[PDB]
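Okay, here we've got a single chain as structure tokens, the form deposited in one PDB entry, with questions on binding and movement later.
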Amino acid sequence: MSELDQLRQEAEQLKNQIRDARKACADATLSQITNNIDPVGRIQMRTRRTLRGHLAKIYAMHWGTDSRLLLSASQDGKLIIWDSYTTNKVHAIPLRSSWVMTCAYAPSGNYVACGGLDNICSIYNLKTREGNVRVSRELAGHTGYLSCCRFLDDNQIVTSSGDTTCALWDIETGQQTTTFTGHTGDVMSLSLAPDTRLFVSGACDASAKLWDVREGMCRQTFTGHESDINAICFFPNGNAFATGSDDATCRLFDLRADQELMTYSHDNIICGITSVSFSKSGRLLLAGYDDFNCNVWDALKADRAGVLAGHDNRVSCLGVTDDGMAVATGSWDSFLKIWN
């Protein structure tokens, strides 16, 4: 007969070894070094635009690289490409499922994707103009819901799934070029490193994994959260990233240190974090909680710098422009807002 119980122990002893290797470089926390840095002024953003058009809860949104066009997926089975400057609608795409979990905007603006409980990642060409009937490509493969997706370019897109996997597809052939396996739980979110050579992912096994796109395998596995990681976002310079989880805490992980540099939390905060985003300089870390509230964190000092949307329990998702000029919020009442 063969054996497993023992094989379950070499895993723990190895994890145990990695813990020590880490604990060996943990001489200080980030807040220590930033103790003399001046805290930021109270951050108070104001609504400049209100996007009207959806007929239901907004599930997810994503800014276009021009910091003007933005896409929004709703429970109304619609996908809307807006022009935030004028609040005008540019495209409107009927979906087959109301259960859209994510939507993405190709950096070129030529495409836009989305997917959800349909276990499929649908791609739409905005240039050939598939607004009414057409659907460029339907990426089938995952055996679990599609949690998130991010374009690498026009013929390459990465997806995360409830099937414990992440995949790199070739839009043209529509084949699952690479398959990133390793998580032991449902992958909830993913974030492309700025150079798109690497990308990180959060899952329900409480770990964040750094993957090499071009090489197709896991480089490192981060841990600290005792609960599911629901959101992950890369830091501006590519050397770190943030995570939000059900343990009501945000964590800053540095890639070179292979461990968390700081944690963001307060005793009054008891809901899970399902959304995280950095400001342009990375000084601010915006967090969306499951109670529809949003807190603005001072990435350096680890203290709340402010509240986004005055805790009106109306924030279901958010996003920051590449130019760091504005933040967008989705809501359960069907409206999106832009804040400066």
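Sequential numbering from 1, following the sequence displayed. For the two forms, the rigid core is made up of the largest set of C-alpha atoms that agree within 1.5 Å on superposition.
Omitted from view is the form deposited in another entry, to which the following refers.
With the core fitted between the shown form and the other one, just one of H311, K280, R42, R48 shows a Cα displacement of at least 2 Å, namely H311.
Relative to the superposed rigid core, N237 undergoes a CA displacement smaller than 2 Å between the shown form and the other one.
Relative to the superposed core, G162 shifts its CA atom by less than 2 Å between the shown form and the other one. After superposing the rigid core, the Cα of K89 is displaced by less than 2 Å between the shown form and the other one. CA of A326 to CA of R129: farther apart by 3 Å or more in that other deposited form than in the shown form. Note: the CA-CA distance for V133 and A104 contracts in that other deposited form relative to this form, by 3 angstroms or more.
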